[PDB]
>>> print(open('target26.txt').read())   # compact mmCIF, C-alpha atoms and all ligand atoms
# COMPACT_ATOMS: atom_id res chain seq x y z
CA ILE A 19 16.25 65.14 70.76
CA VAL A 20 14.68 68.33 69.40
CA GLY A 21 11.07 69.19 70.30
CA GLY A 22 10.66 66.28 72.71
CA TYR A 23 9.98 65.97 76.42
CA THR A 24 11.78 64.92 79.60
CA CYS A 25 11.27 61.13 79.78
CA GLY A 26 11.42 60.84 83.53
CA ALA A 27 14.12 58.98 85.44
CA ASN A 28 14.51 55.31 84.42
CA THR A 29 11.27 55.28 82.39
CA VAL A 30 13.24 54.01 79.37
CA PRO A 31 15.04 51.16 81.12
CA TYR A 32 16.73 49.74 77.99
CA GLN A 33 18.38 53.08 77.11
CA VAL A 34 22.13 53.13 77.64
CA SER A 35 24.78 55.82 77.35
CA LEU A 36 28.09 54.88 75.74
CA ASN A 37 30.90 56.66 77.56
CA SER A 38 34.55 57.15 76.66
CA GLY A 39 35.26 59.79 79.31
CA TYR A 40 32.04 61.52 78.22
CA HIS A 41 28.70 60.50 76.72
CA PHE A 42 29.09 60.04 72.94
CA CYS A 43 26.23 57.77 71.78
CA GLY A 44 23.12 55.94 72.84
CA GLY A 45 22.42 52.23 72.67
CA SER A 46 19.79 49.65 73.60
CA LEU A 47 20.17 46.78 76.06
CA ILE A 48 18.89 43.59 74.41
CA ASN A 49 19.93 41.06 77.08
CA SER A 50 22.05 41.04 80.25
CA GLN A 51 25.29 40.94 78.22
CA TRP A 52 24.62 42.78 74.95
CA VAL A 53 23.88 46.27 73.66
CA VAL A 54 22.82 47.28 70.14
CA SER A 55 24.02 50.65 68.80
CA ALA A 56 25.01 52.30 65.50
CA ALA A 57 28.20 51.24 63.71
CA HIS A 58 29.10 54.91 63.31
CA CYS A 59 29.40 54.93 67.13
CA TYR A 60 32.26 52.42 67.02
CA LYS A 61 35.38 53.27 69.04
CA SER A 62 37.68 51.44 71.45
CA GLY A 63 37.48 51.86 75.23
CA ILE A 64 33.70 51.97 75.61
CA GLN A 65 32.09 51.92 79.03
CA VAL A 66 28.39 51.14 78.93
CA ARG A 67 26.28 53.12 81.39
CA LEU A 68 22.93 51.60 82.32
CA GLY A 69 20.22 53.00 84.59
CA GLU A 70 21.10 56.60 83.73
CA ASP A 71 18.90 59.66 83.89
CA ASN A 72 21.17 62.65 84.52
CA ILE A 73 24.42 61.60 82.83
CA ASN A 74 26.36 64.14 84.92
CA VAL A 75 25.08 63.09 88.38
CA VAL A 76 25.28 59.71 90.14
CA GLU A 77 21.65 59.28 91.20
CA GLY A 78 21.62 55.70 92.54
CA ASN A 79 20.44 53.31 89.82
CA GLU A 80 23.48 53.29 87.52
CA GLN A 81 25.50 50.30 86.43
CA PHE A 82 28.80 51.13 84.72
CA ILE A 83 30.23 48.14 82.84
CA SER A 84 33.16 48.17 80.41
CA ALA A 85 32.74 46.66 76.96
CA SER A 86 34.70 43.46 76.34
CA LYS A 87 34.08 43.35 72.57
CA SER A 88 32.45 45.35 69.80
CA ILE A 89 31.17 43.85 66.55
CA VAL A 90 30.43 46.22 63.67
CA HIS A 91 28.08 44.77 61.05
CA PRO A 92 30.09 42.87 58.39
CA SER A 93 28.64 45.06 55.60
CA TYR A 94 28.73 48.47 57.31
CA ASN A 95 29.60 51.22 54.85
CA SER A 96 30.65 54.40 56.64
CA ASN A 97 30.16 56.56 53.53
CA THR A 98 26.51 55.63 52.85
CA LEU A 99 25.73 54.47 56.42
CA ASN A 100 24.22 51.30 54.94
CA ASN A 101 24.08 48.64 57.68
CA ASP A 102 24.63 51.15 60.49
CA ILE A 103 24.49 48.66 63.35
CA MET A 104 26.94 47.28 65.91
CA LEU A 105 26.80 44.93 68.89
CA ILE A 106 28.68 45.59 72.13
CA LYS A 107 29.32 42.87 74.71
CA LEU A 108 29.58 43.75 78.39
CA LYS A 109 32.52 42.44 80.47
CA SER A 110 30.04 41.33 83.15
CA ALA A 111 26.29 40.75 82.96
CA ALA A 112 24.04 43.64 83.96
CA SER A 113 21.75 43.12 86.94
CA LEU A 114 18.26 43.33 85.46
CA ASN A 115 15.50 45.07 87.40
CA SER A 116 12.60 47.51 86.74
CA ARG A 117 15.00 50.39 85.96
CA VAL A 118 17.53 48.38 83.92
CA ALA A 119 15.79 46.08 81.48
CA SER A 120 16.28 44.64 78.02
CA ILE A 121 14.10 45.55 75.02
CA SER A 122 12.65 42.86 72.77
CA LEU A 123 13.83 42.41 69.20
CA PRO A 124 11.14 42.58 66.50
CA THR A 125 9.62 39.44 64.96
CA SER A 126 8.44 41.38 61.90
CA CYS A 127 9.15 44.82 60.46
CA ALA A 128 6.98 47.75 61.52
CA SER A 129 4.76 49.70 59.13
CA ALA A 130 4.57 53.33 58.11
CA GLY A 131 2.23 55.12 60.52
CA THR A 132 3.29 53.10 63.59
CA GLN A 133 3.96 55.30 66.62
CA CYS A 134 7.40 54.90 68.21
CA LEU A 135 9.44 56.28 71.09
CA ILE A 136 12.84 57.76 70.30
CA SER A 137 15.15 58.73 73.13
CA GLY A 138 18.56 60.17 73.89
CA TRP A 139 20.88 62.74 75.45
CA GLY A 140 21.65 64.53 72.19
CA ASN A 141 21.30 68.16 71.11
CA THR A 142 17.90 69.73 71.82
CA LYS A 143 18.30 72.66 69.39
CA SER A 144 17.64 72.66 65.63
CA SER A 145 19.67 75.83 65.06
CA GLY A 146 22.08 76.11 68.00
CA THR A 147 23.60 73.69 70.49
CA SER A 148 22.31 72.64 73.90
CA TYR A 149 22.92 69.26 75.47
CA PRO A 150 20.57 68.06 78.17
CA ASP A 151 21.75 66.20 81.21
CA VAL A 152 18.54 64.18 81.61
CA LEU A 153 17.10 61.74 79.07
CA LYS A 154 14.78 63.20 76.42
CA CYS A 155 11.98 61.41 74.58
CA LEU A 156 10.02 61.91 71.37
CA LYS A 157 6.92 60.13 70.13
CA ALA A 158 7.11 59.95 66.33
CA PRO A 159 5.54 57.93 63.51
CA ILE A 160 7.37 55.82 60.96
CA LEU A 161 7.09 57.51 57.55
CA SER A 162 6.36 55.78 54.24
CA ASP A 163 9.32 54.46 52.25
CA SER A 164 8.21 56.63 49.33
CA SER A 165 8.23 59.85 51.38
CA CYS A 166 11.57 58.82 52.91
CA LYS A 167 13.14 58.30 49.47
CA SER A 168 11.60 61.54 48.19
CA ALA A 169 13.11 63.43 51.15
CA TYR A 170 16.56 61.94 50.54
CA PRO A 171 16.98 61.08 46.85
CA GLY A 172 19.64 58.42 46.16
CA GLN A 173 20.34 57.76 49.85
CA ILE A 174 17.68 55.49 51.39
CA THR A 175 18.50 51.77 51.25
CA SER A 176 16.31 48.81 52.20
CA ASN A 177 18.11 48.87 55.59
CA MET A 178 16.84 52.35 56.50
CA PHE A 179 13.55 53.99 57.38
CA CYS A 180 12.45 57.52 58.12
CA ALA A 181 10.53 58.56 61.19
CA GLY A 182 9.36 61.93 62.47
CA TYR A 183 7.61 64.93 61.02
CA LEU A 184 8.04 66.46 57.57
CA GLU A 185 6.95 69.85 58.95
CA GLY A 186 10.15 69.96 61.05
CA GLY A 187 10.63 70.85 64.72
CA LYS A 188 10.68 67.32 66.19
CA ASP A 189 13.60 64.94 65.55
CA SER A 190 16.58 63.12 66.97
CA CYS A 191 19.93 64.89 66.62
CA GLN A 192 23.69 64.74 67.21
CA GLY A 193 24.42 62.78 70.41
CA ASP A 194 21.29 60.62 70.02
CA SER A 195 23.26 58.42 67.59
CA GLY A 196 22.95 54.70 68.27
CA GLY A 197 19.88 55.08 70.49
CA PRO A 198 16.53 53.29 70.33
CA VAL A 199 13.40 53.65 68.24
CA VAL A 200 10.89 51.43 70.08
CA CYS A 201 7.46 50.65 68.63
CA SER A 202 4.87 48.58 70.52
CA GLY A 203 7.61 47.27 72.84
CA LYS A 204 9.99 46.21 70.04
CA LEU A 205 13.32 47.73 69.01
CA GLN A 206 12.61 48.71 65.40
CA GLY A 207 15.21 51.40 64.81
CA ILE A 208 18.58 52.86 65.68
CA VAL A 209 19.28 56.59 65.44
CA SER A 210 21.50 56.79 62.34
CA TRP A 211 21.54 60.03 60.31
CA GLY A 212 19.71 63.03 58.83
CA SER A 213 20.30 66.43 57.25
CA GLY A 214 20.73 68.77 60.22
CA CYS A 215 18.07 68.16 62.89
CA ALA A 216 14.34 68.86 62.88
CA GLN A 217 14.56 70.54 59.47
CA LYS A 218 11.52 70.79 57.19
CA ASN A 219 11.34 67.85 54.75
CA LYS A 220 14.42 66.24 56.35
CA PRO A 221 13.15 63.59 58.77
CA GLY A 222 15.37 61.32 60.86
CA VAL A 223 16.82 58.23 59.19
CA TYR A 224 17.04 55.05 61.24
CA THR A 225 18.65 51.64 60.86
CA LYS A 226 15.94 49.06 60.12
CA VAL A 227 16.54 46.61 62.99
CA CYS A 228 14.12 43.93 61.76
CA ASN A 229 16.52 43.19 58.88
CA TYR A 230 19.25 42.27 61.38
CA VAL A 231 17.53 39.97 63.86
CA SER A 232 19.06 36.82 62.35
CA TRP A 233 22.54 38.36 62.45
CA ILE A 234 22.04 39.63 66.01
CA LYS A 235 20.84 36.26 67.30
CA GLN A 236 23.56 34.22 65.61
CA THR A 237 26.27 36.69 66.66
CA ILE A 238 25.17 36.56 70.31
CA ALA A 239 24.93 32.74 70.18
CA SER A 240 28.64 32.46 69.25
CA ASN A 241 30.29 35.38 71.08
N1 LIG A 301 17.64 62.58 63.05
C1 LIG A 301 18.58 63.36 62.71
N2 LIG A 301 18.28 64.49 62.08
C2 LIG A 301 20.01 62.99 63.00
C3 LIG A 301 20.34 61.77 63.57
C4 LIG A 301 21.67 61.44 63.83
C5 LIG A 301 22.68 62.34 63.53
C6 LIG A 301 24.09 61.99 63.82
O1 LIG A 301 24.88 62.86 64.16
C7 LIG A 301 22.35 63.56 62.96
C8 LIG A 301 21.02 63.89 62.70
CA CA A 302 23.58 59.45 86.47
>>> encode(input="target26.txt", output="structure tokens")
Amino acid sequence: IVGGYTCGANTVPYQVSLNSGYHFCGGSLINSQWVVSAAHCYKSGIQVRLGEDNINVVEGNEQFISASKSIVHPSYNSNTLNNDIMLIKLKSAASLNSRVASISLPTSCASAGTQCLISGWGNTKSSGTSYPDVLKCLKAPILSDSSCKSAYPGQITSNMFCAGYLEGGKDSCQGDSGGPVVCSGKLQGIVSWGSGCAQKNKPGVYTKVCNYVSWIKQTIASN
């Protein structure tokens, strides 16, 4: 997250870190057994880390649970990033409390102008590289579909939306991939892609979660 703020420990209780010997992506806990992340975060041997603040220090509220199964969206295209969503099942159910909690799925899509919270452990620099140890947060509005398409000609599908600031300086970035965009207590987006980070006229692009609620619910019901 570039141009954000320190969230505070366990203030984003649905935020998870996906770990394969090291943090490599974010994700969102949607019930005691399931995490939603980006399909471009797929790999084998995932351990899901819940209740994290400093990802390099055991602070007392962590739950580390190995993934038993990953399900990449059936229509994920890794070239275009269309349908950039994946579900990860935990080998054992998480213990839910104030610091480890699921986030609600949307019942309808959000609108341009809605304020959301984007979070992650990704790069905090727009030019260089600096990875934080503690969770970073950014409040950002959803941008109009027209401005999103104008920013990224030929690239924005109906399964994507832009959020952030056209002026630059505030954005998600590398390492935030797969993490949450939460608006009014609903998971509306997943950190997906963008041109660099926090660049003028290049806002963040996010997977449009509301399009996937039916798939998420039916997948969970049978897996
Ligand atoms: N919001 C961005 N600019 C952004 C999001 C994800 C990636 C993935 O590496 C890169 C850039
Ligand atoms: Ca920790």
>>> residues_around(input="target26.txt", residues="residue 197 (chain A)", least_positions_apart="5", cutoff="12 Å", atoms="all atoms listed in the file", output="NGL selection string")
:A and (19 or 30 or 32-36 or 42-47 or 53-59 or 102-104 or 135-140 or 153-155 or 190-192 or 205-211 or 224-225 or 227)
>>> closest_residue(input="target26.txt", among="A:27, A:234, A:184, A:89", to="ligand CA 302 (chain A)", atoms="all atoms listed in the file")
A:27
>>> residues_around(input="target26.txt", residues="region 106-110 of chain A", least_positions_apart="6", cutoff="9 Å", atoms="only C-alpha atoms", output="list in words")
residues 50, 51, 52, 53, 54, 55, 64, 65, 66, 83, 84, 85, 86, 87, 88, 89, 90, 238 and 241 of chain A
>>> closest_residue(input="target26.txt", among="A:204, A:235, A:143, A:167", to="ligand LIG 301 (chain A)", atoms="only C-alpha atoms and all ligand atoms")
A:143
>>> atom_distance(input="target26.txt", atom1="CA of residue 120 (chain A)", atom2="CA of residue 48 (chain A)")
4.6 Å
>>> residues_around(input="target26.txt", residues="residue 78 (chain A)", least_positions_apart="4", cutoff="12 Å", atoms="all atoms listed in the file", output="list in words")
residues 27, 28, 68, 69, 70, 71, 72, 73, 82 and 117 of chain A
>>> closest_residue(input="target26.txt", among="A:75, A:130, A:156, A:178", to="residue 20 (chain A)", atoms="all atoms listed in the file")
A:156
>>> closest_residue(input="target26.txt", among="A:152, A:114, A:200, A:105", to="ligand CA 302 (chain A)", atoms="all atoms listed in the file")
A:152
>>> closest_residue(input="target26.txt", among="A:174, A:201, A:76, A:239", to="residue 127 (chain A)", atoms="only C-alpha atoms")
A:201
>>> closest_residue(input="target26.txt", among="A:193, A:198, A:63, A:21", to="ligand LIG 301 (chain A)", atoms="all atoms listed in the file")
A:193
